[PDB]
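Undergrad: Provide a 3D model corresponding to the input given below.
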Amino acid sequence: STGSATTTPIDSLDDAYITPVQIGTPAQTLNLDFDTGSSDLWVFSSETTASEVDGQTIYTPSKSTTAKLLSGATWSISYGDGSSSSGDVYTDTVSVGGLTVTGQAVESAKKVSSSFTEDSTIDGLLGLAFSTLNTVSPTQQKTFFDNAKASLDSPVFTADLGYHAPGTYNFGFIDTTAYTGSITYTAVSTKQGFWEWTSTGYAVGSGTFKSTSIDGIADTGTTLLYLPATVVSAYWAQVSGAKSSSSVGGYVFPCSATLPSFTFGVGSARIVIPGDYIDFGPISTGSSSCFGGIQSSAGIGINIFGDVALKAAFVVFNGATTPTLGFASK
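TA: Numbering: from 1, shown residues only. See below for the structure:
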């Protein structure tokens, strides 16, 4: 089997991407944030505290003839941005882009933190990291990809995120028309439950490539590119007037600037992030200070190849017995 679904930016900055997902019988379609940095499929639901729902579409398990309470199971998750959610668990039929899994754990939110409530466009998350990170207790549950894997033509999914445009998530096949050149594959460590890999270095603009190992995670659920402070300082030093602002929470730059590109290494290959992809716009409406898309990972404890980096590439998440990551230009 295979599946193919379009993923759409939630706003003009590509702050996140939503993908329609069919849950239950008859289908209830919710727009979920596919997140390769976590491993829970959770949804706003008829059980969510009413004051914490503000425009999201909800899953109502009582209206699904295939929903079954997973008796005794609870879940609770906290994300790197400080957001959180928790609740109970149903199993139900879940389909993405024509690919169907029966008996998928659908984690129904009883509580969500304010940032989820305040984002009316995201109806939940669909985790695509390794199932060892799934938070369901006392019986840990498998991700949608883990459940589908054995049925897929090939045990892979791909992320093809757009810059200020829709893109595609495919399951079970590699669309050879979706990228240019060849795909360069690189080793993955699953020890932390992430799609963790080691970049071979970086360049700023037209500058020379610096060969240096950068361990980080491929995370579609993180907006920006978070790298070591040395790398990030080298980038922003090429932008007149750019500075790190403790009050704003990272590097800002004059909105009048033209940003240089940023290149990252994948083995001997190179992925170029155009300068425009690094512009996240005014810090507040009407400001001439703009927020940077490359930020320091210092204090986060891990480097994160988020959407800013991933949208510059066609990315293969290879879930073979020994997982690997592939990157191609596009």
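Undergrad: in the lengthiest helix in the chain, what counts as buried?
TA: As assigned by DSSP state H, the longest helix anywhere in the chain is helix 229-236. Across helix 229-236, burial judged by 16 or more other CB atoms under 10 Å covers 231-232, 234-236. For every residue, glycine as well, the C-beta is placed using N, CA and C.
Undergrad: neighbours of residue 153, how many?
TA: 11 (other CB atoms under 10 Å).
Undergrad: name the nearest residue to it, ignoring sequence neighbours.
TA: Of all residues not flanking residue 153 in the chain, residue 172 sits nearest, at 4.6 Å (CB to CB, 6 or more residues apart in numbering).
Undergrad: against residue 99, how distant is the one you found?
TA: 7 Å (CB to CB, to the nearest Å).
Undergrad: give me the common contacts of these two.
TA: 1-3, 148, 151-152 (CB atoms under 8 Å, 6 or more residues apart in numbering).
Undergrad: and which of the residues you listed is nearest residue 121?
TA: Nearest to residue 121, judged by CB to CB, of the shared contacts of residue 172 and residue 99 is residue 3 at 22.0 Å.
Undergrad: returning to what we had before: wait, the residue nearest to residue 153 touches residue 150, no?
TA: No: when contacts are counted by CB atoms under 8 Å, residue 172 is not listed as touching residue 150 (10.7 Å).
Undergrad: these two: who's more crowded?
TA: Neighbour count, other CB under 10 Å: between residue 172 and residue 150, residue 172 has more, with 21 against 8.
Undergrad: identify the bridge partners of the closest residue in space to residue 300 that isn't next to it in sequence.
TA: Leaving aside its sequence neighbours, residue 300 sits nearest to residue 226 (CB to CB, 6+ apart; 5.9 Å). Residue 226 has the following beta-bridge partners by DSSP bridges: residue 295, residue 304.
Undergrad: contacting residues around residue 226?
TA: Contacts for residue 226 (CB under 8 Å, 6+ apart) come out as 216, 295-297, 300, 303-304, 306.
Undergrad: repeat that for residue 290.
TA: Contacts of residue 290 by CB under 8 Å, 6+ apart are 252-255, 257, 279-283.
Undergrad: grab the nearest non-local neighbour of it.
TA: Leaving aside its chain neighbours, residue 290 sits nearest to residue 255 (4.2 Å; criterion: CB to CB, 6+ apart).
Undergrad: you'd agree that neighbour is up against residue 288?
TA: Yes: with contact defined as CB under 8 Å, residue 255 reaches residue 288; the gap is 4.9 Å.
Undergrad: how about the contacts of residue 226 in JSON lines, adding neighbour count and distance to residue 68?
TA: Below are the contacts of residue 226 laid out as JSON lines (neighbours: other CB atoms under 10 Å; distance: CB to CB, whole Å):
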{"residue": "216", "neighbour count": "23", "distance to residue 68": "39"}
{"residue": "295", "neighbour count": "25", "distance to residue 68": "43"}
{"residue": "296", "neighbour count": "19", "distance to residue 68": "45"}
{"residue": "297", "neighbour count": "18", "distance to residue 68": "41"}
{"residue": "300", "neighbour count": "13", "distance to residue 68": "38"}
{"residue": "303", "neighbour count": "22", "distance to residue 68": "40"}
{"residue": "304", "neighbour count": "24", "distance to residue 68": "36"}
{"residue": "306", "neighbour count": "24", "distance to residue 68": "35"}
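Undergrad: closest to residue 240 out of these?
TA: Once CB to CB is applied, the member of these that ends up nearest residue 240 is residue 295, at 18.8 Å.
Undergrad: pretty sure the closest one contacts residue 224?
TA: Yes: the criterion here is CB under 8 Å, and residue 295 meets it with residue 224 at 5.4 Å.
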